[PDB]
2 protein chains.
Amino acid sequence: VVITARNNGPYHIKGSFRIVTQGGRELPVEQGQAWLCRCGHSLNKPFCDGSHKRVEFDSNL
Amino acid sequence: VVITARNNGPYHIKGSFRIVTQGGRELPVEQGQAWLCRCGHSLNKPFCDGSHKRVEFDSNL
Ligand code: FES
Ligand code: FES
């Protein structure tokens with residue numbers, strides 16, 4: 001599994017992994033890839049929905 | 001690999017994985033486990049530094 005934190009962007013996850021809530025609810029992994037919100041403002045958490053551009057999330061690693 | 005998105009807090013990643021920048025730089029993973037900032041406010045991105053509590057991050061999944 002490789003996690004790429006995109007600059008000014010989401011975490012890109014690729015490989016064989018599961019996403020779960022603290023409660024234990026399985027969230028959907030499609031095609032062994034996901035983009036998870038890193039900016040805090042997605043309206044579809046934990047998935048990135050483009051909100052990072054709206055709030056000009058500034059994080060360059 | 002299991003990614004647990006903690007309520008009002010970081011992503012917990014457990015298992016065999018790497019973390020890389022979009023630039024290609026490997027980031028240091030301690031003992032098959034990391035907490036990655038979900039709130040957008042860590043001053044040590046991509047790692048959670050407890051800033052989620054300071055800015056009262058609200059995401060209960
Ligand atoms: S990183 Fe894309 S919506 Fe937050
Ligand atoms: S989730 Fe803990 S610092 Fe952002």
# chains A, B, ... in the order shown; residues from 1 in each chain; ligands from 1
$ select_by_dssp --residues "chain B" --states "strand (DSSP E)" --output "PDB file with C-alpha atoms, in the first residue's frame"
ATOM      1  CA  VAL B   2      -6.674  -0.786   7.626  1.00  0.00           C
ATOM      2  CA  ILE B   3      -7.354   2.929   7.562  1.00  0.00           C
ATOM      3  CA  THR B   4      -9.562   4.043  10.407  1.00  0.00           C
ATOM      4  CA  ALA B   5     -10.964   7.517  10.114  1.00  0.00           C
ATOM      5  CA  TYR B  11      -6.763   8.895   9.965  1.00  0.00           C
ATOM      6  CA  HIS B  12      -5.237   5.951  11.726  1.00  0.00           C
ATOM      7  CA  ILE B  13      -3.273   3.775   9.345  1.00  0.00           C
ATOM      8  CA  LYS B  14      -2.138   0.300  10.407  1.00  0.00           C
ATOM      9  CA  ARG B  18       4.559   3.714   2.758  1.00  0.00           C
ATOM     10  CA  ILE B  19       3.912   7.428   2.716  1.00  0.00           C
ATOM     11  CA  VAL B  20       5.362   9.494  -0.098  1.00  0.00           C
ATOM     12  CA  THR B  21       5.114  13.098  -1.254  1.00  0.00           C
ATOM     13  CA  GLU B  26       9.519   8.909   1.359  1.00  0.00           C
ATOM     14  CA  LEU B  27       8.209   9.962   4.778  1.00  0.00           C
ATOM     15  CA  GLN B  33       1.404   2.740  12.201  1.00  0.00           C
ATOM     16  CA  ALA B  34       0.714   6.410  11.654  1.00  0.00           C
ATOM     17  CA  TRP B  35      -1.912   9.063  12.393  1.00  0.00           C
ATOM     18  CA  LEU B  36      -2.478  11.379   9.404  1.00  0.00           C
TER      19      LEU B  36
END
$ residues_near_ligand --ligand "ligand 1" --cutoff "8 Å" --atoms "only C-alpha atoms and all ligand atoms" --output "ChimeraX atom specification"
/A:8-11,35-45,47-53,57 /B:40
$ closest_residue --among "B:55, B:32, B:1, B:60" --to "residue 16 (chain A)" --atoms "only C-alpha atoms"
B:1
$ select_by_dssp --residues "chain A" --states "alpha helix (DSSP H)" --output "ChimeraX atom specification"
/A:51-54
$ closest_residue --among "B:54, B:23, B:61, B:31" --to "ligand 2" --atoms "only C-alpha atoms and all ligand atoms"
B:54
$ decode --residues "chain B" --atoms "C-alpha atoms" --output "compact mmCIF listing (two decimals), in the first residue's frame"
# COMPACT_ATOMS: atom_id res chain seq x y z
CA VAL B 1 -3.80 -2.36 5.69
CA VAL B 2 -6.67 -0.79 7.63
CA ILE B 3 -7.35 2.93 7.56
CA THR B 4 -9.56 4.04 10.41
CA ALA B 5 -10.96 7.52 10.11
CA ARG B 6 -11.30 8.66 13.71
CA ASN B 7 -14.33 10.82 14.61
CA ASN B 8 -13.22 14.48 14.86
CA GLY B 9 -9.62 13.42 14.55
CA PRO B 10 -6.94 11.86 12.35
CA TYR B 11 -6.76 8.90 9.96
CA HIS B 12 -5.24 5.95 11.73
CA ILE B 13 -3.27 3.78 9.35
CA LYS B 14 -2.14 0.30 10.41
CA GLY B 15 -0.24 -2.39 8.51
CA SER B 16 2.39 -2.52 5.74
CA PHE B 17 2.46 0.79 3.87
CA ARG B 18 4.56 3.71 2.76
CA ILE B 19 3.91 7.43 2.72
CA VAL B 20 5.36 9.49 -0.10
CA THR B 21 5.11 13.10 -1.25
CA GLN B 22 3.86 14.00 -4.73
CA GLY B 23 7.52 14.87 -5.27
CA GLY B 24 8.69 11.31 -4.57
CA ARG B 25 10.15 11.77 -1.10
CA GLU B 26 9.52 8.91 1.36
CA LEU B 27 8.21 9.96 4.78
CA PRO B 28 9.13 8.21 8.05
CA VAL B 29 6.65 5.52 9.21
CA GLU B 30 7.09 4.36 12.81
CA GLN B 31 6.32 0.67 13.37
CA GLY B 32 3.59 0.01 10.79
CA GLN B 33 1.40 2.74 12.20
CA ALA B 34 0.71 6.41 11.65
CA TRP B 35 -1.91 9.06 12.39
CA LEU B 36 -2.48 11.38 9.40
CA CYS B 37 -4.18 14.77 9.74
CA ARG B 38 -7.77 14.85 8.51
CA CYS B 39 -8.67 18.25 9.88
CA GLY B 40 -6.36 20.32 7.67
CA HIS B 41 -4.66 22.20 10.52
CA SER B 42 -1.70 20.16 11.73
CA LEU B 43 1.57 22.15 11.88
CA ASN B 44 3.41 18.90 11.09
CA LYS B 45 1.51 17.72 7.96
CA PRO B 46 0.87 15.05 6.92
CA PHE B 47 1.06 13.95 10.57
CA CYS B 48 -1.65 14.69 13.11
CA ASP B 49 -0.30 16.94 15.90
CA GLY B 50 -3.48 17.35 18.00
CA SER B 51 -4.57 20.51 16.14
CA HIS B 52 -7.87 18.85 15.38
CA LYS B 53 -8.87 19.57 19.07
CA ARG B 54 -7.71 23.20 19.00
CA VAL B 55 -9.88 23.96 15.94
CA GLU B 56 -12.77 21.75 17.12
CA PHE B 57 -12.83 19.66 13.91
CA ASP B 58 -16.40 18.38 13.47
CA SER B 59 -16.69 15.13 11.48
CA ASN B 60 -18.53 12.25 13.08
CA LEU B 61 -18.88 9.39 10.61
